[PDB]
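Asks: coordinates only, no sequence provided:
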Ligand SMILES: [Zn+2]
Ligand SMILES: [Zn+2]
């Protein structure tokens, strides 16, 4: 898993924030001027693997996403998560996108 | 708050799912063929109002989002949350978008 390897610094990335639980890094193919990926260090494949037993942990991840977003994007930010084929999920390790740095489009998908 | 009123059925909506904690309804200006809004019935203004004290509740909301998404969008779905001006947040009551029903675009914002 490329995201487990990035989180453990086996594959290089430009680190925005890291702690015992999460790892955040710049997206190398950005769609916004600020485009950050936030991953749990623990491998969970997608949002469809959230259970009642790990929902408190995923809430903590989302809280830490908000702390990164409000620091990096004081003018506002969008959080995106992709599940499966129609959403274009490329890596099967849950990753939140933080998008900001401009007035973001809201266009037909 | 228009979303508190929708959640309490004071303003009509097309309901997808409802329980003691959450309310989900069709977006009337959709950007995808499946476009569902999911709100907590409790008023929380945005993701920037997540705290360590409510992070477990927001994890539960995200779990219920995933249950709606995997049912309505078995081929995959995207979850979006907008915070503040640059993201275009229009209603100050936290709302998750579930987008699906086609191979979704990933375009420059
Ligand atoms: Zn992984
Ligand atoms: Zn409200």
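Replies: Looks like it arrived, so ask away. Numbers count the residues shown, from 1 in each chain, chains lettered A, B, ... in the order given. Ligands and ions are numbered 1, 2, ... in the order given.
Asks: can you give me the helices for chain A?
Replies: A:2-7, A:55-72, A:84-87 (DSSP state H).
Asks: kindly reformat those helices as CSV containing distance to residue B:39 and mean neighbour count.
Replies: No exception for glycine: its C-beta is placed from N, CA and C like everyone else's. CSV is the format used below for those (distance: least, C-beta to C-beta, whole Å; neighbours: other C-beta atoms under 10 Å in any protein chain shown):
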stretch, distance to residue B:39, mean neighbour count
helix A:2-7, 30, 18
helix A:55-72, 15, 19
helix A:84-87, 21, 20
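Asks: of those helices, which is nearest ligand 1?
Replies: Ligand 1 lies closest to helix A:2-7 among these, at 3.4 Å (C-beta to the ion).
Asks: hmm, who's touching the closest one?
Replies: A:11, A:13, A:23, A:25, A:39, A:41, A:43, A:91, A:93, A:95 (C-beta atoms under 8 Å, 6 or more residues apart in numbering or on different chains).
Asks: which of those count as buried?
Replies: The neighbour-count test (16 or more other C-beta atoms under 10 Å in any protein chain shown) marks A:13, A:23, A:25, A:39, A:41, A:91, A:93, A:95 as buried among these.
Asks: picking that back up, restricted to strands, list the contacts of helix A:2-7.
Replies: A:23, A:25, A:39 (DSSP state E).
Asks: can I get these in JSON lines with distance to residue A:108?
Replies: Below are these laid out as JSON lines (distance: C-beta to C-beta, whole Å):
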{"residue": "A:23", "distance to residue A:108": "33"}
{"residue": "A:25", "distance to residue A:108": "30"}
{"residue": "A:39", "distance to residue A:108": "29"}
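Asks: from these, pick the one nearest residue B:32.
Replies: Nearest to residue B:32 among the ones in strands among the contacts of helix A:2-7: residue A:39, at 25.0 Å, using C-beta to C-beta.
Asks: ok, now which ones touch the closest one?
Replies: Counting by C-beta under 8 Å, 6+ apart, residue A:39 makes contact with A:3, A:6-7, A:22-24, A:93-96.
Asks: quick revisit: dump the helices of chain A to a markdown table, plus distance to ligand 2.
Replies: Output for these, formatted as a markdown table (distance: least, C-beta to the ion, whole Å):
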| stretch | distance to ligand 2 |
| --- | --- |
| helix A:2-7 | 35 |
| helix A:55-72 | 18 |
| helix A:84-87 | 28 |
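Asks: wait, which of these is closest to residue A:100?
Replies: That would be, of the helices of chain A and by C-beta to C-beta, helix A:55-72, which comes in at 6.7 Å.
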